[PDB]
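To begin, one chain is listed below as structure tokens, in the form deposited without the DNA.
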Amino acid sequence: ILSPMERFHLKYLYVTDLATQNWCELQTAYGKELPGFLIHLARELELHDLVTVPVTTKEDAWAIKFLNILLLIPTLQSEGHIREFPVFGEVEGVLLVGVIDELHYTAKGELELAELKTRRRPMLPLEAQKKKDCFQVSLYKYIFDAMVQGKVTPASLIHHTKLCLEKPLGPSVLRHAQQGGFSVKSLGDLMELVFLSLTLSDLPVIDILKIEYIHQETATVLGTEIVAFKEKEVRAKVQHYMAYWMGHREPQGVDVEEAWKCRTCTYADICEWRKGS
């Protein structure tokens, strides 16, 4: 009987879904089952799945994302700095989608991912918040590295998104592209150029994962995290997390040492884990 992906009618998952799954897996599950409850604007517009230019078909929305990538790649390779870079790729049988906030080259020529976290109150981030945030930026590197190394193909995206390449691209898509100097023929031709540009433009793997916490008003830095990426640990975690989404195990609540997370959880009054873990 249905897996959570089928039950919640999810064709793919967002990077933040797995980040909040690190906070509480049951809370993330309830967030998909009961969505009626529950700034980087491109990532926020991706979570509600809005898009940059008029949003009719899903082939149009993905075509816009592909045109953005084709422009951001040479911008990064010449200006050394870009923002809001879309990432996607199949991870353990599930397509993962996200938006990297900032990519730039350090003075030593290292490709650095920057993740800025603003806070209302000038308080240090919790250990549980840093665990989750470190997992999020590690996922960005996991997907990005696979993208620029040729491990993410147009076929894999079509399989999960059910994009139709027979449907021609809308005028708002073709207008956005021609105004950028590029003439898209078909969605299939666009996807093939994205693959080429991702893999043949000398894009290195991400060298630095940097998280910065800032108090908004005073601009005071509340901490800086240089994430120690270990790909074997990262893969083990997504394997475990995707095992729930694909339906191979039951969702888990928080550990008893972190029962304080339930104090401000929307679904505390219906969670059976909160009663008997």
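Residues carry their position along the shown sequence, with the first being 1.
Omitted here: the form deposited with the DNA bound. The next part is about that form.
- In the deposited complex, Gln216 approaches the DNA with a heavy atom inside 4.5 Å.
- At a distance threshold of 4.5 angstroms between non-hydrogen atoms, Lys237 is out of contact with the DNA in the deposited complex.
- Although the partner is absent here, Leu116 lies within 4.5 Å of the DNA in the deposited complex, judged by heavy atoms.
- The closest heavy atom approach of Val254 to the DNA in the deposited complex falls outside 4.5 Å.
- Heavy atoms within 4.5 Å of the DNA in the deposited complex are found in exactly one of 201-209, 182-190, 72-80, 127-135, that being 127-135.
- Proximity to the DNA in the deposited complex, taken as a non-hydrogen atom within 4.5 angstroms, holds for one residue of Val99, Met147, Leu157, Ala177, which is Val99.
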